[PDB]
């Protein structure tokens, strides 16, 4: 119910990255296989600076394909970007325990507990039981959940990690605050109450039926023998836990703290009566997000993402598509799965839609021309062909197709935003209501349309769009 106060969405450029794998579809790689020198591959990021939102909204956004960097809620263009990141969720009950993970957990339980540790008879695959049992019977290792706030030792460990692992030496305390301490959440969501922190710290002792009181960003600090060894920046969501970033002492590369942190997060999710883990290699037993449906499909049948990471739109063979897939408001971001019938041998229709001869492109150009000509919204035909050589493209998988936006305009559904959506120009002495959409300036119209396309229509109904007319 909390208002969704955001800046107008934009597209940012951070280009820093075997020349045959950086394409999201095989046909576009084939078309530009010999012209790689003239292709302008950039590392794009479509997002929006969020000024305030509640935890439930960010949960919905995760289930729409979003991740946050500080206050910047973003997603990558899964068709044009050099790196396609997939929103993948994992439940602790459905995780494929490999042999390396079992060795990791065994060595962990051996190093944290004394030699006098007589272990229980927990199964070799119940990693949650081993983690909880060994960590409760250990006097050398512990963790502490605490608010996402700045401290000098946290920043020092951050710098050491960044420079010895990621080889990044351009780190300042402002960047650490702005990336791992600044959050778009309320003061309760960040700070909370001491009682909720005591509950979350006793997650090993939580019994089924008991609910987490705390929902918001947290820092889990790993302490071994009094020394800070790792920090897990994560978001406690109503549906689970979303990992934002992970930091670990390089001197402890013996521990494989990334795998250990993932397994411990799964153990927490199971004990804290949460369901999913939002990761954001080879064998998982997890399920990824089809953004064109905003629905999750298991990852085993989809070997193309596991092998090449190229795009994938699920569909049926006996159905031919004419335009991009309709996004159903009130179901996008709800974590809905695909039916588990194996008779419908779902094919990949991503090439039919976003490929070279894709229908999405002509449909979007025609819809954009019609929008600009009939309603004064500044859309231009862009990808008449050659999707590789500012603003936001007319065809992006996971965004609301332009024909749906045109239907919203034609059906008069757009008038449902007026009286609900509020706008905030900083230089106008105040926040103002939306009285008439069609009488707004064209740039304001396109900002509202970008919010609708990127975050959904029902979310835009409860939004507050901040804008200045200098960008």
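Backbone-built Cβ (ideal geometry, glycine too); neighbour counts: all protein chains shown. Any read-out appearing in this document is the output of simple, stated calculations on the displayed coordinates, not a laboratory observation.
In the chain, how does Rg compare with the Kirkwood Rh, expressed as the Rg/Rh ratio over alpha carbon atoms?
A ratio of 0.98.
What is the packing order of peptides 239-249, 310-320, taking the mean over residues of other C-beta atoms within 10 Å and listing the highest first?
Result, highest mean Cβ count within 10 Å first: 239-249, 310-320.
According to the square roots a ≥ b ≥ c of the eigenvalues of the Cα gyration tensor, what is the shape class of the stretch 314-415, taking rounded for a/c under 1.5, prolate for a/b larger than b/c otherwise, and oblate for the remainder?
Oblate, since a/c reaches 1.5 and b/c is not below a/b.
Counting alpha carbon pairs within less than 8 Å and at least 6 residues apart, what relative contact order, in whole percent, applies to the stretch 90-278?
27
Please report how far the C-alpha centroid of the stretch 437-461 lies from that of the stretch 128-149, rounded to the nearest whole angstrom.
46
Provide, for q = 0.12, 0.15, 0.18 Å⁻¹, the log10 of I(q)/I(0) from a solvent-free Debye sum over equal Cα point scatterers in the stretch 90-278.
Taken in order of the listed q values, log10 I(q)/I(0) reads -0.59, -0.94, -1.34.
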